[PDB]
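Structure record follows, encoded as structure tokens.
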There are 2 protein chains.
Amino acid sequence: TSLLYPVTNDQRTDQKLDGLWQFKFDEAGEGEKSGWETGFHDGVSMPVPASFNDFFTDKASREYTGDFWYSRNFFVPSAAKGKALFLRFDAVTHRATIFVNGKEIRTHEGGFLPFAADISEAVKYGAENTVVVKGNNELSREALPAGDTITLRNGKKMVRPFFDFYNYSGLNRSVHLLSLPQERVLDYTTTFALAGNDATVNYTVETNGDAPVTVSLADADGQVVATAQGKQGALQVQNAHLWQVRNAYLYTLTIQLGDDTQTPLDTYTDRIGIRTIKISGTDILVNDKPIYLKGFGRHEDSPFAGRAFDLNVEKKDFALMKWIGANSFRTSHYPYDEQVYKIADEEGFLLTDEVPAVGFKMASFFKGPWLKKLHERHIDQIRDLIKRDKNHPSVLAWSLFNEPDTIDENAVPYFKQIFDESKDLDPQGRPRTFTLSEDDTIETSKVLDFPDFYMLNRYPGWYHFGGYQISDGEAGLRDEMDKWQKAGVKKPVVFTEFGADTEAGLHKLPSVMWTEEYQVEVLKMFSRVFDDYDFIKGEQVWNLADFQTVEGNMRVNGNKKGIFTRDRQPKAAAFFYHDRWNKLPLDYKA
Amino acid sequence: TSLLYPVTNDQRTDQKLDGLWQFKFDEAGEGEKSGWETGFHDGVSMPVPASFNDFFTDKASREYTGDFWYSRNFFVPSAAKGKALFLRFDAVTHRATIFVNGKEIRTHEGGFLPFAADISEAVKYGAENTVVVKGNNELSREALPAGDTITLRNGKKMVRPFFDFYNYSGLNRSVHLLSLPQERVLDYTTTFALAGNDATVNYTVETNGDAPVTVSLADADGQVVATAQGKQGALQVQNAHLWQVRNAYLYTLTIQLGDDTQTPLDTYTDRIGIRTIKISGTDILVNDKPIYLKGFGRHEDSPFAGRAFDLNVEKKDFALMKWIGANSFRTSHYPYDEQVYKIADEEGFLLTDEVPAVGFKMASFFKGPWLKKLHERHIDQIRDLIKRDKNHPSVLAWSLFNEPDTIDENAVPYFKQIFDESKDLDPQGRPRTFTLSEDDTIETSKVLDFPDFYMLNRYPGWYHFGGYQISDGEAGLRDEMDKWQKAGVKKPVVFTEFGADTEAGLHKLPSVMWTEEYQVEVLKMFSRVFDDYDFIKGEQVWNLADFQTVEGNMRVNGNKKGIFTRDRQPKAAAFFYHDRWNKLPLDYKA
């Protein structure tokens, strides 16, 4: 109903409820029958935001699957009586029921997009109030991301995902207490055109009343350069400062409700970048010039917060990605905290925004009774993502699956439907795509007509033709690249996963898989291939940093394909890209 | 024809040709047409003994598969004219042709057992002579150990084994220049009986003439305690000092040819231990008392020599195995250098001697036209092994396969034949057995009647039910142990592989697979299981030290299941067994 990010001004308040909540596991499912929805203080303290998994010393807790409970007291100011009061949850992984003062307010499905609860009539204005969250982190084939939940021979419930990353759960992002006007901005949209040194922002504004609307754009020094009235309109910016890759310029948009006579009813402000995105045959055009993508390959994963957003790690990840010459990254495999995009906007990065449609395949999948509810939740999370991130200059494209099983002819109805129901959601109409796994190739894939450009996941030299065989793996990759070229490929091709697990410190001459030298050798190979084909317009290596993963005999304490360690220091492969990427211009191959 | 270890006395000489030979690859197979059999000096220097693989910086050399050539000059003393002259090769992996002064003398199949070439008429007595060895290290399903050789798309030949260890090749063990008498000892045998404080060594002596034979046994201080004449006889030792586990006592045996009147024609001396080995239902009896096996789990693998025997590593491996409380180990997966057994004899360890019958199964095998030649070489290498190691007190049992595919009913003819053709080779008639892989279980194995005791390879908690699932893996292992107990198991059971890859330095609380803590957790689990069943009479963990392996995405620079690092320092699991094994008496479970 509204996913606008909270702001602070005279009409809107926003106060974080971050800190130490109370926490309890509910393996039995008795929490509500036990009166826990009224709040409790007999559990363990738990940080918010943060995944709860890594704070326990026992594996039974770290792996817990089922119903878990967060509880906190908070204060509702007297001054807030009469406004629309909201608890906004930035992410509750994966399922939530919200209670205030013991009263059930709302539920939510999906653990990586924000939701808000209207608590206007459930609080005592001027006193302490209680908020309790009943979360669940089970997996099934009916929810994103896809997986199964099993019971061990000893009764305990355990998750077995269809994806790589670990099942980090809980209150993974901030909780806001909001005060909004009764008549307020709900949504707005931006699209851009260029003409000479002039540009045109084309906006619209969604409201829940009939009061007049007034939009104004100011430059980075605060000077106003365009005004307009009405819920639709066009701002004319003379001699505009365009938003450029690794060279951002952000204008401030200000939406204001109310006619020239009354007290202002609502103010909303955001920062936009004036730039356009077109797929012209086989080029990716930003502001009508061709670009070349270089980057990662990312996860929201840190030692102490787990899946939860941590601003220190994020600014550090960004410091590194600029140092290394990169200009893009894909939010694999789920929407990130909204701060990630604002930094991307300020730093002129291009993001591929991915919905958690991962694990749609087994080691078939589109041939099961789970699709019907799965699809409900899939296209709903697509809608919420595009509604949340629409206005960011830095979002280049939407990714609607990661490694779905496109070999089966039954994937084709489902893709048909997903791609029709998302056709007209993004006002900028940016390209919609998805990643093709190693098994989904020009020869074998059945959904190659759908994407606006191709995103390829290939692992020669790691999952196939490892070691001394790498040369045959390079030859096979060029085989497939020859067949794309033969098939007269007209859309762009971007490599979005490739690489090699590497244990920082393992050295060998000559190399063996898992050493720092082999990783450089593998990345050099992929580079040689990428440079001999013109439809290839981007390299996004997997992965930026070592991230945590389910336990397995192939997981040396998590994934290790990262250019940097989980602590964000470089492996030797860091310096290879630092050399290569800072020498490829932004228009490489044009 | 004779595999006796060389000795030095007035009838027999023995001089090592170890050092730097010349070396060349022969990818083309032109070496003989090019005159290389006459010796060469235009190649690269290569140590002997040692695997050649790890001395090259390029992967193409390290991985080379095909014909390779060793060349050396050596001096034949004038004084040796008239004796039987021999080049004895302790191991040439895997195939050899021997040339002396350009003349082809002999070939050999099998890369882990010694062979001798009679060069009595191919040398110039009193000058320098040339020895050239043409080796090959290809694999096929017709040779032990089993594997395949492939060609890459670029022409290069590459091995793909059916086993784990790396294909270390070349002159992996010493080369001796021998001077033997014209009439000489070829073989001898020992068997033992006990009666009160007295014992009886029952010997026989194989000779290539009719001259009289004279055998005498002396104690550790050099006192003679028994003499006998004739090629068969029985030495009566009063108040014998028995050879005890971790408590050896070795008598010196001296065989002498010639009657009381002539100059001695030949002397041969060896050290034996007076002890007996019986499988009594479900007990393993050494000297009629029950023992409990604890140990490894070994390879001949070191950083600088590769597969080649290195006495420093061997004494260090033995220092550690005594420190840790162990008393046994299995020479997986091939006969070791003969020095390993002499140290075992001096340290009172019990060895399971294994022939390189590994890889008899694919990821079927006994259903192929390769068995006929495979079996030729299999039973021949069995014959050579038992002939070489017969007389060691420390060899407890023979292992005739490692992880053969016993699920197919076609394995049964081949086992039938192998087990009949080895029935009467070991004079002591020690137990013959083999290892059963994870897939070969009480439910599924078709060769359970053959072995004299059962050797089990089980990997719960690693290749199955890893991580948080370990509890279900423990339950499944007890399932199988319950079904053995149900089936009324009458032969002993020994666990001979189990464990977990562990990267020294990886710590986590709670644990994850690959950390030092998880390894201890896994080893504790297996211990709990072993202690609840009486037919279980031994634990040999895999592995003693991290050893090198083929490149693969599951091989973090070789195998890592070792209790010690490849440099022979302890991981945390070292101290767990140091505690446990030094508290289990030698008669645990009796």
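Residues in the structure tokens are named by chain (A, B, ... in the order shown) and by number from 1 within that chain; ligands are numbered from 1 in the order shown.
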
Chain A contacts to chain B at 10 Å (only C-alpha atoms) as a ChimeraX atom specification: /A:54-63,151-154,156,158,461-473,475-476,500-503,506-515,549-558

Let me see the file: selected residues, C-alpha atoms, as a CSV table (one decimal), in the first residue's frame.
```csv
chain,number,residue,atom,x,y,z
A,54,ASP,CA,25.1,-16.8,15.0
A,55,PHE,CA,24.5,-15.7,18.6
A,56,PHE,CA,24.1,-19.2,20.0
A,57,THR,CA,26.8,-21.6,20.9
A,58,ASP,CA,24.7,-24.8,20.3
A,59,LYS,CA,24.0,-26.1,16.8
A,60,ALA,CA,20.4,-26.8,17.7
A,61,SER,CA,19.7,-23.1,18.1
A,62,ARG,CA,21.8,-22.0,15.1
A,63,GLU,CA,19.9,-24.4,12.9
A,151,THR,CA,12.5,-33.8,10.6
A,152,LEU,CA,15.5,-35.7,11.9
A,153,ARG,CA,15.1,-39.1,13.5
A,154,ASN,CA,15.3,-37.2,16.8
A,156,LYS,CA,14.2,-31.7,15.5
A,158,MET,CA,15.9,-28.8,9.9
A,461,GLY,CA,37.3,-24.8,-14.6
A,462,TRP,CA,35.4,-25.4,-11.4
A,463,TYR,CA,32.2,-27.5,-11.5
A,464,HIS,CA,33.3,-28.9,-14.9
A,465,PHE,CA,36.8,-29.5,-16.3
A,466,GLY,CA,38.6,-28.6,-13.1
A,467,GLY,CA,42.4,-28.6,-12.7
A,468,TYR,CA,44.5,-29.7,-15.7
A,469,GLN,CA,41.3,-30.1,-17.7
A,470,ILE,CA,40.6,-26.3,-17.7
A,471,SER,CA,41.7,-26.1,-21.3
A,472,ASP,CA,38.9,-28.4,-22.4
A,473,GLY,CA,36.5,-26.3,-20.3
A,475,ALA,CA,37.1,-24.9,-25.4
A,476,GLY,CA,33.6,-25.9,-24.4
A,500,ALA,CA,36.5,-20.7,-8.1
A,501,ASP,CA,36.6,-21.4,-4.4
A,502,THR,CA,39.9,-20.1,-3.0
A,503,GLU,CA,41.2,-20.6,0.6
A,506,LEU,CA,46.7,-21.8,-0.1
A,507,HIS,CA,49.6,-21.5,-2.5
A,508,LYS,CA,51.0,-23.9,-5.0
A,509,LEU,CA,53.3,-23.8,-8.1
A,510,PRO,CA,52.0,-25.1,-10.3
A,511,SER,CA,48.5,-24.4,-9.0
A,512,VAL,CA,45.8,-26.7,-7.7
A,513,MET,CA,42.1,-25.9,-7.3
A,514,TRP,CA,41.5,-23.9,-4.1
A,515,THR,CA,44.7,-22.0,-4.2
A,549,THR,CA,26.4,-21.3,3.5
A,550,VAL,CA,24.8,-24.5,4.6
A,551,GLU,CA,27.2,-27.1,6.0
A,552,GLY,CA,28.4,-29.6,3.4
A,553,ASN,CA,31.5,-31.5,2.4
A,554,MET,CA,32.1,-29.0,-0.5
A,555,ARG,CA,31.6,-25.9,1.7
A,556,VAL,CA,34.8,-25.1,3.5
A,557,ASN,CA,33.0,-23.0,6.2
A,558,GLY,CA,30.8,-21.4,3.6
```

Near residue A:534, within 12 Å and counting only C-alpha atoms, which residues show up once chain neighbours fewer than 4 positions away are dropped, as an mmCIF file with N, CA and C atoms, in the first residue's frame?
```cif
data_model
loop_
_atom_site.group_PDB
_atom_site.id
_atom_site.type_symbol
_atom_site.label_atom_id
_atom_site.label_comp_id
_atom_site.auth_asym_id
_atom_site.auth_seq_id
_atom_site.Cartn_x
_atom_site.Cartn_y
_atom_site.Cartn_z
ATOM 1 N N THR A 282 22.133 -4.996 -29.290
ATOM 2 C CA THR A 282 23.102 -5.707 -28.469
ATOM 3 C C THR A 282 23.888 -4.785 -27.538
ATOM 4 N N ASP A 283 23.590 -3.493 -27.530
ATOM 5 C CA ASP A 283 24.234 -2.573 -26.609
ATOM 6 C C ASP A 283 23.336 -2.299 -25.412
ATOM 7 N N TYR A 292 29.924 -0.923 -20.613
ATOM 8 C CA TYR A 292 30.394 -2.281 -20.375
ATOM 9 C C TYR A 292 30.394 -2.532 -18.871
ATOM 10 N N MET A 481 29.803 -20.309 -27.009
ATOM 11 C CA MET A 481 29.779 -18.936 -27.502
ATOM 12 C C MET A 481 29.729 -18.903 -29.020
ATOM 13 N N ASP A 482 30.308 -19.898 -29.682
ATOM 14 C CA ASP A 482 30.187 -19.951 -31.133
ATOM 15 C C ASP A 482 28.741 -20.193 -31.545
ATOM 16 N N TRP A 484 25.930 -19.383 -29.891
ATOM 17 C CA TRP A 484 25.225 -18.115 -29.742
ATOM 18 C C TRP A 484 25.500 -17.208 -30.934
ATOM 19 N N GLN A 485 26.779 -17.026 -31.272
ATOM 20 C CA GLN A 485 27.106 -16.181 -32.411
ATOM 21 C C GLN A 485 26.454 -16.707 -33.680
ATOM 22 N N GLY A 488 22.816 -15.955 -34.342
ATOM 23 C CA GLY A 488 22.566 -14.550 -34.572
ATOM 24 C C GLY A 488 21.946 -13.891 -33.363
ATOM 25 N N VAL A 489 22.739 -13.780 -32.299
ATOM 26 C CA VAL A 489 22.249 -13.221 -31.049
ATOM 27 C C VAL A 489 22.093 -11.714 -31.198
ATOM 28 N N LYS A 490 20.895 -11.214 -30.888
ATOM 29 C CA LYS A 490 20.563 -9.808 -31.059
ATOM 30 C C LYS A 490 20.436 -9.045 -29.748
ATOM 31 N N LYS A 491 20.192 -9.733 -28.630
ATOM 32 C CA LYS A 491 20.167 -9.138 -27.303
ATOM 33 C C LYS A 491 21.550 -9.230 -26.661
ATOM 34 N N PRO A 492 21.842 -8.376 -25.676
ATOM 35 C CA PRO A 492 23.157 -8.416 -25.026
ATOM 36 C C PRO A 492 23.319 -9.641 -24.134
ATOM 37 N N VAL A 493 24.585 -10.000 -23.905
ATOM 38 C CA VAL A 493 24.970 -11.135 -23.076
ATOM 39 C C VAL A 493 25.849 -10.620 -21.945
ATOM 40 N N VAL A 494 25.526 -11.018 -20.718
ATOM 41 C CA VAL A 494 26.283 -10.621 -19.537
ATOM 42 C C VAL A 494 26.557 -11.861 -18.699
ATOM 43 N N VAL A 529 38.160 -15.425 -22.951
ATOM 44 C CA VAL A 529 36.952 -15.782 -23.685
ATOM 45 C C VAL A 529 36.078 -14.553 -23.891
ATOM 46 N N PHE A 530 35.797 -13.808 -22.811
ATOM 47 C CA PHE A 530 34.919 -12.638 -22.917
ATOM 48 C C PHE A 530 35.396 -11.659 -23.976
ATOM 49 N N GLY A 538 29.294 -7.653 -20.563
ATOM 50 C CA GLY A 538 29.536 -7.520 -19.137
ATOM 51 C C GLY A 538 30.048 -8.744 -18.394
ATOM 52 N N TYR A 588 34.033 0.089 -23.450
ATOM 53 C CA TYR A 588 34.712 -1.081 -24.006
ATOM 54 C C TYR A 588 33.813 -1.829 -24.982
ATOM 55 N N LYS A 589 34.290 -2.009 -26.217
ATOM 56 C CA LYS A 589 33.596 -2.829 -27.210
ATOM 57 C C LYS A 589 32.529 -2.044 -27.963
ATOM 58 N N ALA A 590 32.922 -0.974 -28.646
ATOM 59 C CA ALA A 590 31.934 -0.085 -29.241
ATOM 60 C C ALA A 590 32.496 0.730 -30.423
#
```

Atom pair atom CA of residue B:37 / atom CA of residue B:102: separation (Å): 4.9 Å

Residue neighbourhood residue A:226, 8 Å, only C-alpha atoms, exclusion window fewer than 2 positions, as a PDB file with N, CA, C and O atoms, in the first residue's frame:
```pdb
ATOM      1  N   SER A 216       8.564  19.932  -6.882  1.00  0.00           N
ATOM      2  CA  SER A 216       9.676  20.814  -7.219  1.00  0.00           C
ATOM      3  C   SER A 216      10.992  20.055  -7.124  1.00  0.00           C
ATOM      4  O   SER A 216      11.186  19.221  -6.232  1.00  0.00           O
ATOM      5  N   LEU A 217      11.896  20.377  -8.045  1.00  0.00           N
ATOM      6  CA  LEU A 217      13.193  19.742  -8.181  1.00  0.00           C
ATOM      7  C   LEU A 217      14.266  20.779  -7.902  1.00  0.00           C
ATOM      8  O   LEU A 217      14.229  21.874  -8.474  1.00  0.00           O
ATOM      9  N   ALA A 218      15.216  20.447  -7.026  1.00  0.00           N
ATOM     10  CA  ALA A 218      16.333  21.339  -6.722  1.00  0.00           C
ATOM     11  C   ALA A 218      17.659  20.653  -7.013  1.00  0.00           C
ATOM     12  O   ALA A 218      17.792  19.431  -6.888  1.00  0.00           O
ATOM     13  N   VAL A 224      16.354  25.739  -6.846  1.00  0.00           N
ATOM     14  CA  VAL A 224      15.188  25.138  -7.483  1.00  0.00           C
ATOM     15  C   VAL A 224      15.233  25.405  -8.978  1.00  0.00           C
ATOM     16  O   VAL A 224      15.412  26.553  -9.404  1.00  0.00           O
ATOM     17  N   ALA A 228       5.961  22.174 -10.669  1.00  0.00           N
ATOM     18  CA  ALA A 228       4.776  21.788 -11.419  1.00  0.00           C
ATOM     19  C   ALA A 228       3.653  21.488 -10.447  1.00  0.00           C
ATOM     20  O   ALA A 228       3.893  21.124  -9.294  1.00  0.00           O
ATOM     21  N   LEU A 235       8.605  18.151 -15.489  1.00  0.00           N
ATOM     22  CA  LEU A 235       9.575  19.161 -15.102  1.00  0.00           C
ATOM     23  C   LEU A 235      10.632  19.322 -16.195  1.00  0.00           C
ATOM     24  O   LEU A 235      11.235  18.337 -16.640  1.00  0.00           O
ATOM     25  N   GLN A 236      10.856  20.569 -16.617  1.00  0.00           N
ATOM     26  CA  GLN A 236      11.820  20.902 -17.662  1.00  0.00           C
ATOM     27  C   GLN A 236      13.096  21.404 -17.002  1.00  0.00           C
ATOM     28  O   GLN A 236      13.101  22.469 -16.382  1.00  0.00           O
ATOM     29  N   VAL A 237      14.176  20.650 -17.138  1.00  0.00           N
ATOM     30  CA  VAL A 237      15.454  21.020 -16.547  1.00  0.00           C
ATOM     31  C   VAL A 237      16.373  21.499 -17.660  1.00  0.00           C
ATOM     32  O   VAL A 237      16.805  20.712 -18.510  1.00  0.00           O
TER      33      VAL A 237
END
```

Extract, using only C-alpha atoms, all DNA, RNA and protein residues at most 12 Å from residue A:380, discarding same-chain residues fewer than 3 positions from it, and format them as a CSV table (one decimal) with N, CA and C atoms, in the first residue's frame.
```csv
chain,number,residue,atom,x,y,z
A,108,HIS,N,2.6,-11.2,7.3
A,108,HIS,CA,3.4,-10.9,6.2
A,108,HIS,C,4.1,-12.1,5.7
A,109,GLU,N,4.2,-12.3,4.4
A,109,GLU,CA,5.0,-13.4,3.8
A,109,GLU,C,6.1,-12.8,3.0
A,110,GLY,N,7.3,-13.4,3.0
A,110,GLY,CA,8.4,-12.9,2.4
A,110,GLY,C,9.4,-12.2,3.3
A,113,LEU,N,11.5,-7.9,2.0
A,113,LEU,CA,10.9,-6.7,1.6
A,113,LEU,C,10.1,-6.1,2.8
A,143,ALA,N,7.0,-21.1,-1.2
A,143,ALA,CA,7.5,-19.8,-0.8
A,143,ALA,C,8.9,-19.5,-1.4
A,144,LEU,N,9.2,-18.2,-1.6
A,144,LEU,CA,10.5,-17.8,-2.0
A,144,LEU,C,11.3,-17.5,-0.7
A,355,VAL,N,14.6,-10.6,-7.3
A,355,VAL,CA,13.6,-11.0,-6.4
A,355,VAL,C,14.0,-12.4,-5.9
A,356,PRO,N,13.5,-12.9,-4.8
A,356,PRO,CA,14.1,-14.2,-4.2
A,356,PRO,C,13.6,-15.4,-4.9
A,357,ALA,N,13.4,-15.3,-6.2
A,357,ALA,CA,12.9,-16.5,-7.0
A,357,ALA,C,14.1,-17.4,-7.3
A,373,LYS,N,0.5,-21.5,-5.5
A,373,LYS,CA,0.8,-20.6,-4.4
A,373,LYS,C,2.1,-20.0,-4.6
A,374,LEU,N,3.1,-20.7,-5.0
A,374,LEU,CA,4.4,-20.1,-5.3
A,374,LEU,C,4.3,-18.9,-6.3
A,375,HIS,N,3.5,-19.1,-7.3
A,375,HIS,CA,3.4,-18.0,-8.3
A,375,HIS,C,2.7,-16.8,-7.6
A,376,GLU,N,1.6,-17.0,-6.8
A,376,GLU,CA,1.0,-15.9,-6.1
A,376,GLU,C,2.1,-15.1,-5.4
A,377,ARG,N,2.9,-15.8,-4.6
A,377,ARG,CA,3.9,-15.0,-3.8
A,377,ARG,C,5.0,-14.5,-4.7
A,383,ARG,N,6.0,-7.4,-7.6
A,383,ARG,CA,5.3,-6.1,-7.5
A,383,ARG,C,5.9,-5.2,-6.4
A,384,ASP,N,6.1,-5.8,-5.2
A,384,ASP,CA,6.7,-5.0,-4.1
A,384,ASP,C,8.1,-4.5,-4.4
A,385,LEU,N,8.9,-5.3,-5.0
A,385,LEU,CA,10.3,-4.9,-5.4
A,385,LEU,C,10.2,-3.7,-6.3
A,386,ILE,N,9.5,-3.8,-7.4
A,386,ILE,CA,9.6,-2.7,-8.4
A,386,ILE,C,8.9,-1.5,-7.8
A,387,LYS,N,7.9,-1.7,-6.9
A,387,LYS,CA,7.3,-0.5,-6.3
A,387,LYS,C,8.2,0.2,-5.3
A,400,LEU,N,14.2,-11.8,-12.4
A,400,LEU,CA,13.0,-12.4,-12.0
A,400,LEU,C,13.1,-13.8,-11.5
A,418,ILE,N,4.5,-14.9,-15.7
A,418,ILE,CA,5.3,-14.0,-14.9
A,418,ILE,C,5.7,-12.8,-15.8
A,421,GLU,N,2.6,-10.5,-16.5
A,421,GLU,CA,2.1,-9.8,-15.3
A,421,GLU,C,3.1,-8.8,-14.7
A,422,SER,N,4.3,-8.7,-15.3
A,422,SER,CA,5.3,-7.7,-14.9
A,422,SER,C,5.5,-6.7,-16.0
A,425,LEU,N,4.9,-2.8,-15.1
A,425,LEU,CA,5.0,-2.3,-13.7
A,425,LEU,C,6.1,-1.2,-13.6
```

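For the set B:572, B:185, B:397, B:255, the residue with the smallest atom-to-atom gap to residue B:207 is B:185, counting only C-alpha atoms.
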
Residues within 6 Å of residue B:291, only C-alpha atoms, excluding chain neighbours under 3 positions, as a ChimeraX atom specification: /B:284,586-587

Atoms kept (C-alpha atoms) for selection, written as a PDB file, in the first residue's frame:
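Output contents, as saved in again-v1.pdb:
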```
ATOM      1  CA  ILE B 284      42.120 -61.334  17.191  1.00  0.00           C
ATOM      2  CA  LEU B 586      45.658 -53.811  24.562  1.00  0.00           C
ATOM      3  CA  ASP B 587      42.893 -56.277  25.560  1.00  0.00           C
TER       4      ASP B 587
END
```

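Every protein, DNA or RNA residue with an atom at most 9 Å from residue B:428, where only C-alpha atoms count and chain neighbours fewer than 6 positions away do not, is listed here: residues 189, 190, 191, 192, 276, 277, 390 and 391 of chain B.
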
How would the residues just chosen look if you wrote them out with N, CA, C and O atoms as an mmCIF file, in the first residue's frame?
```cif
data_model
loop_
_atom_site.group_PDB
_atom_site.id
_atom_site.type_symbol
_atom_site.label_atom_id
_atom_site.label_comp_id
_atom_site.auth_asym_id
_atom_site.auth_seq_id
_atom_site.Cartn_x
_atom_site.Cartn_y
_atom_site.Cartn_z
ATOM 1 N N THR B 189 61.127 -69.298 5.003
ATOM 2 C CA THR B 189 59.835 -69.116 5.649
ATOM 3 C C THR B 189 59.950 -69.385 7.139
ATOM 4 O O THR B 189 60.809 -70.144 7.589
ATOM 5 N N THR B 190 59.056 -68.766 7.902
ATOM 6 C CA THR B 190 59.016 -68.970 9.337
ATOM 7 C C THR B 190 57.574 -69.130 9.770
ATOM 8 O O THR B 190 56.676 -68.481 9.230
ATOM 9 N N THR B 191 57.355 -70.039 10.710
ATOM 10 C CA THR B 191 56.085 -70.167 11.395
ATOM 11 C C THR B 191 56.422 -70.490 12.841
ATOM 12 O O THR B 191 57.535 -70.913 13.143
ATOM 13 N N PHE B 192 55.486 -70.241 13.751
ATOM 14 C CA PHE B 192 55.797 -70.315 15.171
ATOM 15 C C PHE B 192 54.747 -71.118 15.923
ATOM 16 O O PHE B 192 53.572 -71.181 15.541
ATOM 17 N N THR B 276 52.573 -65.590 17.476
ATOM 18 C CA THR B 276 51.560 -66.278 16.688
ATOM 19 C C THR B 276 50.331 -65.393 16.491
ATOM 20 O O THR B 276 50.065 -64.466 17.265
ATOM 21 N N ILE B 277 49.566 -65.698 15.445
ATOM 22 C CA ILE B 277 48.379 -64.927 15.098
ATOM 23 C C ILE B 277 47.247 -65.894 14.789
ATOM 24 O O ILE B 277 47.348 -66.685 13.847
ATOM 25 N N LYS B 390 56.126 -62.037 4.137
ATOM 26 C CA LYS B 390 56.065 -63.263 4.940
ATOM 27 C C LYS B 390 56.648 -63.194 6.345
ATOM 28 O O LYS B 390 55.965 -63.526 7.317
ATOM 29 N N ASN B 391 57.935 -62.851 6.455
ATOM 30 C CA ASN B 391 58.716 -63.177 7.643
ATOM 31 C C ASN B 391 58.704 -62.087 8.691
ATOM 32 O O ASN B 391 59.247 -62.295 9.779
#
```

Between atom CA of residue A:161 and atom CA of residue A:174 - distance in Å to one decimal: 25.6 Å
